[PDB]
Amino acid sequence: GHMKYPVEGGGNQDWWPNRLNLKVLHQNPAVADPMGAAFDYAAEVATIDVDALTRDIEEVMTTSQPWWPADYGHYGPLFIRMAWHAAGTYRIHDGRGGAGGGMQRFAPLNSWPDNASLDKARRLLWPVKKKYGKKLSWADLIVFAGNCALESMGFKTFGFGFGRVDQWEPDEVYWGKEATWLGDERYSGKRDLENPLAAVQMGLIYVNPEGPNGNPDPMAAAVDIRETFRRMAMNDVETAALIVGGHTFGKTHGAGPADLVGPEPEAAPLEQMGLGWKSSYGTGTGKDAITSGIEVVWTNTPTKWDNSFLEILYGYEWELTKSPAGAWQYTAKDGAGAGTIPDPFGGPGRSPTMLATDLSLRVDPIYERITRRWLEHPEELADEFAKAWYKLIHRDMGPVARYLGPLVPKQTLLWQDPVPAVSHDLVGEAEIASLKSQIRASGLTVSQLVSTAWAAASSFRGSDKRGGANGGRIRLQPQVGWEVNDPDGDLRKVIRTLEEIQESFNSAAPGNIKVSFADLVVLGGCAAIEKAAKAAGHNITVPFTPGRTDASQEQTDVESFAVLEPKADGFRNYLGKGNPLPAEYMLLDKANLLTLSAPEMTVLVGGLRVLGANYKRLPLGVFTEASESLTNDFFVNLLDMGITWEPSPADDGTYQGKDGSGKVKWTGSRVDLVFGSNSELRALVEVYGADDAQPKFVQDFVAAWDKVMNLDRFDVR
């Protein structure tokens, strides 16, 4: 190999290929954001004229463009494939992917094989982004072009939510190890797909449309449809609703050989202006379009909503054939329905065709039972496509407070993890003071208060903005019984105590003030950090924002919440079994999911350790001789060159630090030691380990802790 200029990719990653990459803790840095620091997209969208945006979109859908003429003179279908592919990268394991950041316009997703032709699809909406400017993000516009497409073609959607903030540097997500497009190195066992992935091959949204590995077997393809969709929050009924209702519109494109198709956008020459997949077949567009290489037209009304798709799937029998590019697809046997399917540009009619994956809705017994009922009762299909399409293009929006606009329905949806609305006067500065003191007298230790508070709030992840302390769910299933949160039972004693305090406060309160459990969980950790700063000779108040309310078990989807459990949390020195990488990489990934910077991550580790927040209260990293005191001792001792460190003899992932006498003074994990070893983190430890650093250490730790307690509080922003 050869080392390159940094402007062409070079860097220290090339000299130490598996080195921690701290650039994950500064994604989308403000230096790259062209908008001012005072710019609030939510404020812009709140003033947008929806009825004008809609018409300008319908005006775009029905005005063909010579560089990509419109099938049946309507782009609606194409925009549905666009919105579905923007949302369709979402995966449940890490919450990443999805439409919430508009990431389909940047690499690598803009160049994914399955996003072929969507480069053109987005281009067609620039006239729309231009008329509306800073009031409309690309993220909102992309997904809204589909919801407008549906309504325009006969399907009344459930509603819509604006508020997706545009970004400027693509989020980096691990999409698989395969270095080859459409590669498959992601299965083991009996068809067990590698977590966190949610697609069968590198570059696909979900499944191969020619069946597994290209084997056009409907019954097997359905195993993949079932499972990739599951990993995208869709059950059997939602998946069938989605596939059916989607293919009620539009058509495939495979008019000619696929080896006539040029390089993907990110690899294209300059003169193409961001567009890729340029084809020398015929016009290279329109009647000669080559997208997937398949050539199917599911319905006889490609631009209206009706029950044609299932009528057709069930009213013919199907045999296997080749498209003009040689891809597998099915056709109606015995020349049935010849000439019955309309042409994208006026040519002769054609005869019905389906994909392998479409036959799976009839051949699979679960899906047969679902689709046959909709054949006989199509109105059930409308209701389920409404719900599933809503879920799909909103799944990563986070709490409802974040949904803006006049088309936002008012109904509770379990998959949003609802939280009740405030019912009483929120707790003021005088009651917050009283409660910090009541909690400090309750008998709960500093460690109990800070662990519970952290466990509740750190359940947030910024990929999809699920999780967090609002809801009160640390006392509901499944969070009460996550291994990290409750090794030996202390958690339910804390819960018990905090509920007595809330009850007695609420029955004595002045007037109509009431505190929720969810708030007292957070308030308690703020109360302990104050007490523990005082013990170190710092008088400081920890901020606190009331407003959380208490969700109920019935309002908490236990299985949906399953993906949020930490298999590893380095802030509590917790390392469960089965993580993809060593503990220090997981630490950074957890730091990334909490939207934390390296300085913020560094300060919270050191504080949490001396506060006793360690899982099982283990001594790993607890480099202090004070109890329940918020000092910067973690940083000072990490830098003590009078300690010698070796891997512990029991090969237990711990380290032994010996002082001059050869006696063991400290013990540590890989997560602790990486702060003294990694030359960027050690730099940060030298900041907080200096003699003049303890007041700054305390202030910056309070700020980082307050930032974690508020991660889901979009109700106050």
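Just count from 1 along the sequence shown to find any residue number. If you superpose the two forms and keep the largest set of C-alpha atoms that fall within 1.5 Å, you have the rigid core.
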Comparing 506-514 and 319-327 where Cα RMS over structures and residues is taken in 4 other deposited structures of this protein (core fit), larger one: 506-514
Farther-lying stretch by C-alpha RMS in 4 other deposited structures of this protein (rigid core fit) among 485-493, 423-431: 485-493
Taking the mean of the C-alpha B-factors per stretch from the entry, tell me the winner out of 153-161 and 229-237. 153-161
Mean C-alpha B-factor comparison - 626-634 and 91-99, higher one: 626-634
Going by the CA temperature factor in the entry, name the top one among 405, 537, 472, 467. 537
Candidate set 389, 561, 277, 571 [ranked by C-alpha B-factor, highest]: 277
Taking the entry's C-alpha B-factors for this chain, is residue 518 in the lowest, middle or highest third? lowest
Please place residue 333 in the lowest, middle or highest third of its chain by C-alpha B factor as given in the entry. highest
State the tercile, meaning the lowest, middle or highest third, of residue 592 with respect to the CA B-factors recorded for its chain. lowest
Third of chain Cα B-factors occupied by residue 675: lowest
Lowest, middle or highest third of the chain for the C-alpha temperature factor of residue 701? lowest
